[PDB]
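Reading through the structure tokens given below for one structure.
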Amino acid sequence: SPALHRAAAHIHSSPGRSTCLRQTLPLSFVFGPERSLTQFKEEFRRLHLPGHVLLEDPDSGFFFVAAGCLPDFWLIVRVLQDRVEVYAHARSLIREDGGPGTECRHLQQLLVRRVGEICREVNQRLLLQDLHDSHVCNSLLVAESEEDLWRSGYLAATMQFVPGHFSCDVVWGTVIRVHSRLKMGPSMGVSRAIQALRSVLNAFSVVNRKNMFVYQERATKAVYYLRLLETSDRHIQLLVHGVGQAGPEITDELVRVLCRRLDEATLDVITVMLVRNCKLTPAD
């Protein structure tokens, strides 16, 4: 503890020096620091460094980077209430001729990137948990579209780092062929396949967003946003957006359930047609 404290004091008391570097990284906590601090600490503890291991001192609370024995350079990371301080000490941090300064700078940059990614992931997880617990899609979690707008402590998040544009991209995408009987539903312009999918997914569909559902995987505890669209040969195109790659619960089981519902609807329609002894199409 006292050696790390002295190194941090020397780094802070020598700004702009070629041997000591101090960097401050803010933690954009959408839900506040009370819940974000524990998540950030856990992520930092579970964070992995290339060729280095982070040891957290319990007396001081500041993590130190060591070779995985102390290396030729000292890297110290301090986690405050709402900011992260990274201190790097080396003989020459400016020279990059295969020395310890270049390695220390690369390690500091990697640690800063990992901390930023961890903060973003914590914010996304908090937003997903709030959406799952409230069945409402926040603007920061996903931007409100024109259809959603027509059918419609986060103030700092709105007046902070750009929200809405940080929504997770479509992790997986699939196209499901729609049968000829289900191509036209009971309402003009509404496919029967779309209606069946809505009826199936009403258990997790978003009220404020049309044809949108929020599904939380049981294994990964990750809430993902599913969007379904009709593509014309009418078909159902489903895009699943999540922080990480979609698991097998949504990739396979959900597709199987949707296919089973579509097949049941087609079989019921065919039975109704045969009840009237109507001519059956070769596709039917």
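Every chain in the structure tokens has a letter given in the order shown (A, B, ...), and although residue numbers restart at 1 in each chain, ligands are simply numbered from 1 in the order shown.
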Could I get the residues of segment 122-180 of chain A with an atom no further than 12 Å from an atom of segment 239-250 of chain A, each paired with its nearest atom pair and that distance in Å to one decimal, using only C-alpha atoms, sorted by chain and residue number, as CSV?
residue,atom,partner,partner_atom,distance
A:122,CA,A:243,CA,10.6
A:123,CA,A:243,CA,10.9
A:124,CA,A:243,CA,7.5
A:125,CA,A:243,CA,8.4
A:126,CA,A:243,CA,11.9
A:127,CA,A:243,CA,11.2
A:128,CA,A:242,CA,9.4
A:141,CA,A:242,CA,10.3
A:142,CA,A:241,CA,9.9
A:166,CA,A:243,CA,10.3
A:167,CA,A:241,CA,8.4
A:168,CA,A:242,CA,5.4
A:169,CA,A:241,CA,5.2
A:170,CA,A:241,CA,3.8
A:171,CA,A:241,CA,4.9
A:172,CA,A:240,CA,5.3
A:173,CA,A:239,CA,4.6
A:174,CA,A:239,CA,6.7
A:175,CA,A:239,CA,8.9
A:176,CA,A:239,CA,11.3
Would you mind exporting N, CA and C atoms of the selected residues as a compact mmCIF listing (two decimals), in the first residue's frame?
# COMPACT_ATOMS: atom_id res chain seq x y z
N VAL A 122 -21.85 -2.38 -18.65
CA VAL A 122 -22.62 -2.25 -17.42
C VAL A 122 -23.85 -1.39 -17.65
N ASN A 123 -23.70 -0.29 -18.39
CA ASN A 123 -24.85 0.55 -18.71
C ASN A 123 -25.87 -0.21 -19.55
N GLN A 124 -25.40 -0.97 -20.54
CA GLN A 124 -26.32 -1.74 -21.38
C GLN A 124 -27.04 -2.81 -20.57
N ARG A 125 -26.32 -3.48 -19.66
CA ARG A 125 -26.95 -4.50 -18.82
C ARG A 125 -27.98 -3.88 -17.88
N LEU A 126 -27.68 -2.71 -17.31
CA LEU A 126 -28.65 -2.04 -16.47
C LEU A 126 -29.89 -1.64 -17.26
N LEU A 127 -29.70 -1.13 -18.48
CA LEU A 127 -30.84 -0.78 -19.32
C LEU A 127 -31.67 -2.00 -19.67
N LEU A 128 -31.01 -3.12 -19.99
CA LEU A 128 -31.73 -4.35 -20.31
C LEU A 128 -32.50 -4.87 -19.11
N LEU A 141 -31.51 2.63 -24.44
CA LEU A 141 -31.35 1.24 -24.85
C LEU A 141 -31.60 1.07 -26.34
N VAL A 142 -32.63 1.72 -26.86
CA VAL A 142 -32.95 1.67 -28.28
C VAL A 142 -33.67 2.96 -28.67
N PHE A 166 -26.21 4.20 -29.31
CA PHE A 166 -25.42 3.12 -28.73
C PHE A 166 -26.20 1.81 -28.65
N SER A 167 -27.36 1.74 -29.29
CA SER A 167 -28.16 0.52 -29.27
C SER A 167 -27.40 -0.63 -29.92
N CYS A 168 -27.56 -1.82 -29.37
CA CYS A 168 -26.86 -2.99 -29.87
C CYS A 168 -27.35 -3.36 -31.27
N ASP A 169 -26.42 -3.74 -32.13
CA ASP A 169 -26.76 -4.14 -33.49
C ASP A 169 -27.43 -5.51 -33.48
N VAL A 170 -27.98 -5.88 -34.64
CA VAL A 170 -28.69 -7.16 -34.77
C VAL A 170 -27.66 -8.28 -34.67
N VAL A 171 -27.67 -9.00 -33.54
CA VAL A 171 -26.72 -10.09 -33.34
C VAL A 171 -26.97 -11.20 -34.35
N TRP A 172 -28.23 -11.56 -34.57
CA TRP A 172 -28.59 -12.61 -35.51
C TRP A 172 -29.74 -12.15 -36.38
N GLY A 173 -29.81 -12.70 -37.59
CA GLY A 173 -30.88 -12.39 -38.52
C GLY A 173 -31.31 -13.60 -39.32
N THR A 174 -32.62 -13.79 -39.46
CA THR A 174 -33.16 -14.95 -40.16
C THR A 174 -34.37 -14.53 -40.98
N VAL A 175 -34.63 -15.28 -42.05
CA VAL A 175 -35.77 -15.06 -42.92
C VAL A 175 -36.59 -16.34 -42.95
N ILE A 176 -37.89 -16.22 -42.68
CA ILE A 176 -38.81 -17.35 -42.64
C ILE A 176 -39.82 -17.20 -43.77
Members of segment 67-248 of chain A assigned alpha helix (DSSP H) by DSSP, as a PyMOL selection string: chain A and resi 100-134+146-151+155-158+192-201+248
Counting only C-alpha atoms, the residue of A:84, A:275, A:110, A:207 that sits nearest residue 61 of chain A: A:84
Nearest-residue call for residue 254 of chain A, choices A:200, A:77, A:194, A:149, using only C-alpha atoms: A:200
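The space separating atom CA of residue 112 of chain A from atom CA of residue 39 of chain A comes to 16.0 Å.
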Contact residues around residue 281 of chain A with only C-alpha atoms at 12 Å, ignoring same-chain residues under 2 positions, as a list in words: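 Near neighbours after the sequence-gap exclusion: residues 179, 180, 181, 270, 273, 274, 278, 279, 283 and 284 of chain A.
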Near-residue 63 of chain A list (8 Å; only C-alpha atoms; drop same-chain fewer than 2 positions) as a VMD selection string: chain A and resid 54 to 57 61 65 76 to 78
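Counting only C-alpha atoms and comparing A:28, A:277, A:195, A:158, the residue that lies closest to residue 119 of chain A is A:28.
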Close residues, residue 27 of chain A itself excluded, 9 Å, only C-alpha atoms, min 4 positions apart in chain, as a count of residues only: 12
Residues near segment 14-25 of chain A, cut-off 7 Å, only C-alpha atoms, skip fewer than 3 positions along chain, as number ranges by chain: A: 10-11, 83-94
With N, CA, C and O atoms retained, could you export that selection as a CSV table (one decimal), in the first residue's frame?
chain,number,residue,atom,x,y,z
A,10,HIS,N,3.7,10.6,-6.7
A,10,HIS,CA,4.7,11.1,-7.5
A,10,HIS,C,4.2,11.4,-9.0
A,10,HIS,O,4.5,12.3,-9.6
A,11,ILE,N,3.3,10.4,-9.4
A,11,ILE,CA,2.7,10.6,-10.8
A,11,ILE,C,1.8,11.8,-10.8
A,11,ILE,O,1.8,12.6,-11.8
A,83,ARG,N,-15.0,8.1,-11.3
A,83,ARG,CA,-13.9,8.3,-12.2
A,83,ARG,C,-12.8,7.2,-12.0
A,83,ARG,O,-12.8,6.6,-10.9
A,84,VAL,N,-12.0,7.0,-13.0
A,84,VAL,CA,-11.0,6.0,-12.9
A,84,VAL,C,-9.6,6.7,-13.3
A,84,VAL,O,-9.5,7.4,-14.3
A,85,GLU,N,-8.7,6.5,-12.4
A,85,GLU,CA,-7.3,7.1,-12.6
A,85,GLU,C,-6.3,6.0,-12.9
A,85,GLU,O,-6.2,5.0,-12.1
A,86,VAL,N,-5.6,6.1,-14.0
A,86,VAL,CA,-4.6,5.2,-14.4
A,86,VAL,C,-3.2,5.9,-14.3
A,86,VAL,O,-3.0,6.9,-15.0
A,87,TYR,N,-2.3,5.4,-13.5
A,87,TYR,CA,-1.0,5.9,-13.4
A,87,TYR,C,0.0,4.9,-13.9
A,87,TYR,O,0.1,3.8,-13.5
A,88,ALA,N,0.9,5.4,-14.8
A,88,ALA,CA,2.0,4.6,-15.4
A,88,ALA,C,3.3,5.3,-15.0
A,88,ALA,O,3.5,6.5,-15.3
A,89,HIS,N,4.2,4.5,-14.5
A,89,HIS,CA,5.6,5.0,-14.1
A,89,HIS,C,6.6,4.1,-14.8
A,89,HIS,O,6.5,2.9,-14.7
A,90,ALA,N,7.5,4.7,-15.6
A,90,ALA,CA,8.6,4.0,-16.3
A,90,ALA,C,9.8,4.9,-16.4
A,90,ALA,O,9.7,6.1,-16.2
A,91,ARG,N,10.9,4.2,-16.8
A,91,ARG,CA,12.1,5.0,-17.0
A,91,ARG,C,12.0,6.0,-18.2
A,91,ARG,O,12.5,7.1,-18.1
A,92,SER,N,11.4,5.6,-19.3
A,92,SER,CA,11.2,6.4,-20.4
A,92,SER,C,9.9,6.0,-21.1
A,92,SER,O,9.9,5.0,-21.9
A,93,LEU,N,8.8,6.7,-20.9
A,93,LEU,CA,7.5,6.3,-21.5
A,93,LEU,C,7.3,6.9,-22.9
A,93,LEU,O,6.3,6.6,-23.5
A,94,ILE,N,8.2,7.7,-23.3
A,94,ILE,CA,8.1,8.4,-24.7
A,94,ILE,C,8.8,7.5,-25.7
A,94,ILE,O,8.3,7.4,-26.8
